[PDB]
């Protein structure tokens with residue numbers, strides 16, 4: 002159960018830090034060069050980490066991943082990309098987990114290579130689940146009820162994520178078919194898009210209204226009315242909100258209207274979100290109820306452990322103000 006898994010983890014790490022794991026083509030180039038230069042220092046650590054996690058947990062491409070850094074030339078172009086891509090992923094998690102409440106994997110970064118990156122994504126979730134670390138797939142899913150049950154299967158049964166992001170512009174009925182499996186009486190947690198970090202986000206979320214009540218608040222209301230119709234919390238799960246760290250005014254409106262709501266706040270670091278106005282406006286005594294996502298400021302750092310420690314420390318301090 003996600004509510005209790007977040008509450009627990011947080012007593013393990015005492016933080017808000019949600020780490021975004023969005024690897025791109027320059028990450029893998031950089032990581033490859035870094036490993037060439039350092040004698041495969043990080044990949045060597047990956048061979049040993051999470052109590053021998055590759056050997057004992059990875060089920061797709063294990064033999065490739067166990068290749069000695071100094072036998073890479075023996076692999077295909079494709080197997081070579083799979084190798085570094087997966088290794089880059091394991092390196093980030095191995096180095097940043099002691100500061101992470103949750104990892105959020107944005108699907109967009111895994112699908113452009115077809116089956117290569119989907120295989121890696123499965124490896125990633127399996128690896129994280131092996132350590133009971135809270136997980137999220139950021140995929141901003143939407144479709145009709147019958148069609149979305151497919152995304153429920155992929156996210157919640159095959160990857161076995163704890164949560165995902167959903168766009169409910171089509172409607173809230175879809176939540177019934179993503180966050181609830183009737184046959185299994187199983188509930189799955191998610192976060193619904195309310196205020197997004199893109200610069201033109203005002204265009205529909207703000208300009209649209211019902212009687213000067215702005216779209217993003219309507220959607221928040223409808224989302225929770227659906228979550229209560231579903232009795233999702235009876236099962237210690239929830240449907241929460243995405244409100245970007247650049248939208249601190251909206252953040253204040255949402256936390257005040259919905260004080261016990263689980264919120265995810267992206268856009269810190271690379272997207273130039275405001276950390277203090279975010280945490281002040283979105284504060285909750287239960288820290289898991291406000292996830293602060295940091296992606297590229299950590300994954301693109303020369304030292305992701307240290308970068309993650311930075312944000313962790315940053316947070317510990319704002320709280321003490």
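Residue numbers (UniProt numbering): 2 to 322. Note that beta-carbon positions come from the ideal geometry of N, C-alpha and C, so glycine has one too.
Note that the C-beta distance between residue 239 and residue 255 is not below 8 angstroms. Cα atoms of residue 112 and residue 28: separation of roughly 16 angstroms, rounded to the nearest angstrom. In the three-state reduction of the DSSP assignment, residue 275 falls in the coil class, being assigned neither a helical nor a strand state. Here residue 56 is exposed: its Cβ has fewer than 16 other Cβ atoms, across all protein chains shown, within 10 Å.
The C-alpha of residue 98 lies about 24 angstroms from the C-alpha of residue 69. The three-state reading of DSSP puts residue 248 in coil, since its state is none of H, G, I, E or B. A direct Cα-to-Cα measurement between residue 88 and residue 19 gives close to 20 angstroms.
Taken in chain order, the whole beta strand (DSSP E) runs of length 3 or more contained in the segment 136–223 are 136–142, 165–167, 191–196. Between the C-alpha atoms of residue 139 and residue 108 there is a straight-line separation of about 6 angstroms. For residue 267, the uninterrupted beta strand (DSSP E) run begins and ends at 264–269, by DSSP. In the DSSP assignment, residue 33 falls within the alpha helix (DSSP H) that extends over 26–39.
Of the candidates 130, 182, 126, 120, 182 places its Cα closest to the Cα of residue 146. Spanning the alpha carbons of residue 176 and residue 143 requires a straight line of approximately 9 angstroms.
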